[PDB]
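Colleague: Input: one structure, supplied below.
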Amino acid sequence: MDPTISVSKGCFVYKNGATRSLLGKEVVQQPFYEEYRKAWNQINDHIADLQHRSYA
Amino acid sequence: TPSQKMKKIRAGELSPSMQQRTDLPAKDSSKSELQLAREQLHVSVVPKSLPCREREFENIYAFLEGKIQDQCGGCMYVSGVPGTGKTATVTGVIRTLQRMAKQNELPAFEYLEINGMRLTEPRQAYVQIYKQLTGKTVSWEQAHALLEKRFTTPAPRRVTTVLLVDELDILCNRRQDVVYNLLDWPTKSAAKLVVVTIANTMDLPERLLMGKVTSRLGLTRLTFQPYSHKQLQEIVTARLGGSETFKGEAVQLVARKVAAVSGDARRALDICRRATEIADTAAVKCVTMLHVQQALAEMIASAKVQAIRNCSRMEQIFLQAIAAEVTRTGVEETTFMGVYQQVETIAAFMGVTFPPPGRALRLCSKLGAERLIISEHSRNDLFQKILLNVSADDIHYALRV
Amino acid sequence: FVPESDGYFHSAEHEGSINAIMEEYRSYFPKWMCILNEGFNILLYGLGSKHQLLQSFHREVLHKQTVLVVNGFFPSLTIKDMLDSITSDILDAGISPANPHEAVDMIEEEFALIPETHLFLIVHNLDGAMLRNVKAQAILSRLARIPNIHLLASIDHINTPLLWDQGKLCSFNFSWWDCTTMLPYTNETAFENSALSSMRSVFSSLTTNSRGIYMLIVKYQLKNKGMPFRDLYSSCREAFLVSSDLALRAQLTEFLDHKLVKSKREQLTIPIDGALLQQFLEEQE
Amino acid sequence: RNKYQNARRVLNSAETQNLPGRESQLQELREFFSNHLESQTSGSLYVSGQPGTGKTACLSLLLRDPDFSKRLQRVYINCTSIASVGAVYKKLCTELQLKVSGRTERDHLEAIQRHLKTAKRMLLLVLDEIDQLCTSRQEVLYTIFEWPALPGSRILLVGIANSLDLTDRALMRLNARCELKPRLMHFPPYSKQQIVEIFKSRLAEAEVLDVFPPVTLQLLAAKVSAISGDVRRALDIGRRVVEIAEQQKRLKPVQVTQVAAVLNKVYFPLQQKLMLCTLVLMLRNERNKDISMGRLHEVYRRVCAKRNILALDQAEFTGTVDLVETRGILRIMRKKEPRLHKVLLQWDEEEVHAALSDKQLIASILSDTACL
DNA sequence: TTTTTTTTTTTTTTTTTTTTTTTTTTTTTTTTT
DNA sequence: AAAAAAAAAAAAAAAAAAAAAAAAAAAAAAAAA
Ligand SMILES: Nc1ncnc2c1ncn2[C@@H]1O[C@H](COP(=O)(O)OP(=O)(O)OP(=O)(O)O)[C@@H](O)[C@H]1O
Ligand SMILES: Nc1ncnc2c1ncn2[C@@H]1O[C@H](COP(=O)(O)OP(=O)(O)OP(=O)(O)O)[C@@H](O)[C@H]1O
Ligand SMILES: [Mg+2]
Ligand SMILES: [Mg+2]
């Protein structure tokens, strides 16, 4: 059938350079990603500051 | 450094000797006749020619002489209740064959012996067999690999090796790989291995051995039956020899009372020694039948009447109450609360007062430590379960009469 | 979905359709990469088998990434295998400790030291036969919280969020996707967790004495329409079929080895109806 | 020296070169190996049979056959001589002279998997007594039986075992795929005529055919094929016949009376008598087979009170019951306390009455119902 | 620069703890009256 | 609806597997000369 339908194992490692920012550059340099990153970081920092001022 | 000592111990370079006496031992001229009979009646002094085991000697000697002369190897299984001269007969056959091999009447052979009860694991059997060929102490994996290379690979001139396995049922486990390896190595042609296995249970190969292991164990069996009273009398009379320290009826009384219980030879040889030590105190040179009856009363003991006779007053009242509660409710396992109610009844009948329940638990713990009763931990008071370990007629004999 | 409670109290064109369905689901893959980039996890909950869809996602998209594919439908899977796999094969840190939460602590402390090193893991049937306890879901939700480790998973059972509380469901920052293919469950249901001919094939390998013993058992069972041990031992001893009683116990243990007669408490009941036993008794004549 | 010793030598119960009872099975295995050598395809095989049927003999004969010595490389592994279930990979590397980084079982497994993909020669891997590789999850046996499904592998493996349904009980998941299903092969137990031909071959191997007339061979072979059917018992009884005839007579052929006495061989203290009589009485006069040691001893004390015999105490009675259990008559269920051990009789009452041979005593015990 | 000593890390071996199998006993379900 | 068997499940003992610790062995660093 498949390479991963082995009767012995359950887990399959496809390690490619693992040792002891997922998207490409063509999506990040688009302006909507930068605008979404700025807006989400602004809203998250404001919510964190409100929670700090509540808990202090 | 002691690491050199352990390096030479694991390699077998220094012998494990023992400390010696600062005094020289006694001579046989300074001993009495009763001391000489006590020394000959020791179970450790095995004779050269065993009485009553001549047919078993012929059977084992025919098997081992055939397996040595045919240069093939095989397996035998002897069995019987303890004290019936199994290991003594097998090692006597081995000593006779080694005497015949030292005088060029037989092909030579190497005799290894292991005991299943001198090992902590069955895998350590491999450590002992390899310790009897070379003398080195290694791990069991390396020892098993070296034994496998020795017994599978043919190499002239290989000599016949007779392997004795005492207490085979201690080598049997869930997987049965040590016993399968010891019974599979004779089946190969390149190994001149003769495995003689000694055990107690007669139905051992069909009870707890797998089908391949009892398939390789074979059908050549030998059963060492227990000794009758004539045979125990002949054993003890041959131990005493030309002395007259024992009577002719004292040996018969020991034989009749030992052959009816177990058929053991160690029991007769220890009861005769105890009779000798009793007769040594009474300043008589012979062992009469009264010393034998005293030794048979002491060695075949029954001291649960004297224990109940030597208990205190409240403990004997408690022992009456457990039996009365067993009679009343019918069942054998009684809780502490009904036993304490019967305690109050019996103590009000006798007119004496009893301790509170906290000290009645101490009486119950004292009787349970001595195993006159079987009791639980006292953490669950008034609901702990009590069995009467002694019989109910024993209390009514110990307290009435 | 609204289940009505009263029932508890009173108690071709298909292939082209599936091809269009799979092309529609293969359209969602750059959106899945954009969603997995922002910290969410992917959960699929359709009817059919989502094995091939996740495998094609691993081939077509995550071809160069560190991907641990876990088959949750595997009946001999354990959390020790997955944690040993992450600590040993990806991180080169040997065997994970026997405490699994300590192993997840070790994995978080080791993935904190390597940013821009993302471990993807694709779990077919997250509700699998060895992941339906609460501890394995706690370990998987603790793994999914790490910003380096990303998760895709399949859901097939109907009672799956009964073991996800709100802490596990906030650790599992899921993005739920309705990937309803219509593929049958061939790879998921094939494993170990999901006759008179067998009796005749076992009876072919018997010897003569075992044949007579089972003949006596079936003849008594069909005469009296289980049987005791004593009358069976007397019947084997009168026909000289056995030497002792322990050989009968060995032959009956050999019969119970092959599921031919059933022992009870010794009662010996053959667990096949009387009519097929009558046909088998007439078969030897 | 003489001919009884020569028969005792040549029967031998050990490895032989000629296998007269296994002539269709060896040809079937030869057809298997030839069809997988000429087509150059891999395959699993599972041989199973009763202990003593000739499976190891067939595969050890085919592993010395020179016609398969050039085309394929033969590796034999006995699975009882391996230190662990996960250690077999290392032994296989030891059997294949592989170069491993080592010191973990996964490295030996990856060395085997790298060897099986680019091997210059087809491998024949025989695993004898494969039931020792069965465990809880059985990762090792499922890894071994999957090497036919490896990409480009040419390994063909034989697994030898005793149970007919090992691959149907402990290897069920391999039935999920038709490729990974091992081909079954059962070795049937030997009939009467096959054991007669084995005996005649072994006796003609050293020209000692005059010692055995045909009628004792037919009687012994009919008895062995009736009871068990394996050739180890056949050679053991055929050797015990000549080793009782040699010790008895010391040329006279072995008659039917001596093999009859050998086949009837193959196929008492007083307190132990009073123990067994009391257990027979308590099993007769009560439907409850739950008999403890204290409950048996309390009836035994009354029994020896009625015979005017000084009975043992509990401490010697327990040893008496254990010494009767060594004969196989009883079975003792052990508990926390020795009073609560459960004695279970495992013989018929006719067998106990025959083994005692003391009818005037046991007839008096069973008439003494009042002491129960 | 070469040799010998003492530290450090790896690998093997033994011990202890946890898990798994196996036997026994109970216990809730099912059939008969 | 109760009495009695019966199969399923729990308790417990016993054996094995795995983890942990301790010792042996090999590699590395630092002193001896
Ligand atoms: N026939 C005999 N003649 C003289 N002494 C005997 C005889 N039989 C046994 N003994 C003595 O009794 C002891 C029995 O020891 P032995 O080792 O032979 O018993 P065993 O059957 O091997 O016991 P176990 O089965 O417990 O090992 C021996 O030390 C021996 O001195
Ligand atoms: N057909 C035969 N002809 C002659 N001898 C045979 C034959 N078959 C088996 N034997 C003898 O039986 C022994 C081999 O039996 P084998 O080891 O093959 O049985 P097995 O099924 O492997 O037993 P187990 O299952 O217990 O391992 C050898 O001693 C051989 O001499
Ligand atoms: Mg002994
Ligand atoms: Mg074999």
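Listed in order, the protein sequences are those of chains B, C, F and U. Numbering follows the numbering used here, in which position 21 of the first sequence is assigned residue number 22; successive positions increment by one, without gaps. Numbering follows the numbering used here, in which position 311 of the second sequence is assigned residue number 339; successive positions increment by one, without gaps. Numbering follows the numbering used here, in which position 281 of the third sequence is assigned residue number 283; successive positions increment by one, without gaps. Numbering follows the numbering used here, in which position 179 of the fourth sequence is assigned residue number 896; successive positions increment by one, without gaps. We put the beta carbon where it would ideally sit given N, CA and C, even for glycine.
Quick one: Cα of residue 69 of chain F to Cα of residue 19 of chain B, how far?
Modeller: 10 Å
Colleague: My assumption, with CB atoms under 8 Å, is that residue 1072 of chain U sits in contact with residue 925 of chain U. Please give the rounded CB distance.
Modeller: 40 Å between Cβ atoms; not a contact.
Colleague: List the residues of chain B whose Cβ lies closer than 7 Å to the Cβ of residue 38 of chain F, in chain order.
Modeller: Per Cβ cutoff of 7 Å: 23.
Colleague: For residue 914 of chain U, report the span of its alpha helix (DSSP H) as first-last.
Modeller: It spans 909 to 921 - the alpha helix (DSSP H) in which residue 914 of chain U sits, taken as one unbroken run.
Colleague: Between C:145, C:175, C:138, which lies nearest to residue 155 of chain C when the distance is taken from Cα to Cα?
Modeller: Minimum Cα-Cα distance from residue 155 of chain C among the listed residues C:145, C:175, C:138 corresponds to C:175.
Colleague: How is residue 413 of chain C classed by DSSP in three states: helix, strand or coil?
Modeller: Three-state DSSP puts residue 413 of chain C in a strand.
Colleague: Name the DSSP bridge partner or partners of residue 102 of chain C?
Modeller: Under DSSP, the beta-bridge partners assigned to residue 102 of chain C are C:222.
Colleague: Would you mind telling me which residues of chain B sit closer than 9 Å to residue 68 of chain F, beta carbon to beta carbon, in chain order?
Modeller: 14, 15, 16, 17, 18, 19
Colleague: Compare the C-beta of residue 945 of chain U with all C-beta atoms of chain F and state if any pair is closer than 8 Å.
Modeller: yes
Colleague: Determine the direct distance from the alpha carbon of residue 935 of chain U to that of residue 910 of chain U, and round the result to whole angstroms.
Modeller: 8 Å
Colleague: Report yes if the CB atom of residue 182 of chain F is closer than 8 Å to the CB atom of residue 129 of chain F, and no otherwise.
Modeller: Result no, Cβ atoms of residue 182 of chain F and residue 129 of chain F do not sit closer than 8 Å.
Colleague: DSSP state of residue 360 of chain C, grouped into three classes?
Modeller: coil
Colleague: Please check the pair residue 332 of chain C and residue 1030 of chain U, which I expect to be a contact at CB under 8 Å, by giving their CB distance rounded to whole angstroms.
Modeller: 7 Å
Colleague: Measure the alpha-carbon distance for residue 67 of chain C versus residue 54 of chain C and round it to whole angstroms.
Modeller: 12 Å
Colleague: Any heavy atom of ligand 2 closer than 7 Å to the Cβ of residue 973 of chain U?
Modeller: No, Cβ of residue 973 of chain U sits at least 7 Å from all heavy atoms of ligand 2.
Colleague: Between the alpha carbons of residue 214 of chain F and residue 136 of chain F, how many angstroms are there, rounded?
Modeller: 54 Å
Colleague: How far does the beta strand (DSSP E) with residue 839 of chain U in it extend, from its first residue to its last?
Modeller: Unbroken beta strand (DSSP E) run through residue 839 of chain U: 839 to 845.
Colleague: Does DSSP put residue 178 of chain F in a helix, in a strand, or in coil?
Modeller: strand
Colleague: Does ligand 3 have a heavy atom nearer than 7 Å to the CB of residue 194 of chain C?
Modeller: yes
Colleague: Can we say the region 760 to 768 of chain U touches the region 894 to 910 of chain U, given the rule of at least three CB pairs closer than 8 Å?
Modeller: yes
Colleague: At 7 Å on the CB atoms, spell out the chain F contacts of residue 231 of chain C, in chain order.
Modeller: Ordered by position in chain F, the residues that pass the 7 Å Cβ test against residue 231 of chain C are 248.
Colleague: Could you name each continuous alpha helix (DSSP H) segment of 4 residues or more that falls completely within the region 938 to 981 of chain U, going from the start of the chain to the end?
Modeller: DSSP assignment within the region 938 to 981 of chain U yields the following whole alpha helix (DSSP H) runs of 4 residues or more, N-terminal first: 948 to 966.
Colleague: Just list the beta strand (DSSP E) runs in the region 31 to 92 of chain F, keeping only unbroken ones of 3 residues or longer that don't cross its boundaries, in chain order.
Modeller: 43 to 46, 68 to 73
Colleague: Return the first residue and the last residue of the alpha helix (DSSP H) that residue 88 of chain C is part of.
Modeller: 82 to 97
Colleague: Flag residue 363 of chain C as yes when its Cβ comes closer than 7 Å to any non-hydrogen atom of ligand 3, and as no otherwise.
Modeller: no
Colleague: Tell me whether residue 879 of chain U, by its Cβ, gets closer than 7 Å to a heavy atom of ligand 2.
Modeller: Ligand 2 approaches residue 879 of chain U closely enough that one of its heavy atoms is under 7 Å from the residue's Cβ.
Colleague: Ignore the nearest five residues each way along the sequence and tell me which others in residue 223 of chain C's own chain have a CB closer than 7 Å to its CB.
Modeller: 103, 191, 193, 210, 211, 214
Colleague: Evaluate the contact criterion for the region 143 to 156 of chain F versus the region 400 to 415 of chain C: three or more CB pairs, one atom per stretch, below 8 Å.
Modeller: no
Colleague: Using a Cβ-Cβ cut-off of 6 Å (strictly less than) and excluding sequence neighbours within five positions of residue 74 of chain C, which residues of its own chain qualify?
Modeller: 116
Colleague: At a Cβ threshold of 8 Å, is residue 46 of chain B touching chain F?
Modeller: no
Colleague: Would DSSP call residue 418 of chain C helix, strand or coil?
Modeller: coil
Colleague: To the nearest angstrom, report how far apart residue 87 of chain C and residue 730 of chain U are at their CA atoms.
Modeller: 20 Å
Colleague: Is it the case that the CB of residue 773 of chain U approaches a heavy atom of ligand 4 more closely than 7 Å?
Modeller: yes
Colleague: Can you give the Cα-Cα distance for residue 190 of chain F and residue 950 of chain U, rounded to whole angstroms?
Modeller: 49 Å
Colleague: For the region 1023 to 1036 of chain U, list every residue whose C-beta sits within 8 Å of some C-beta in chain C, in sequence order.
Modeller: 1029, 1030, 1031, 1032, 1033, 1036
Colleague: Can you check whether the CB of residue 1064 of chain U is closer than 8 Å to the CB of residue 1079 of chain U?
Modeller: no
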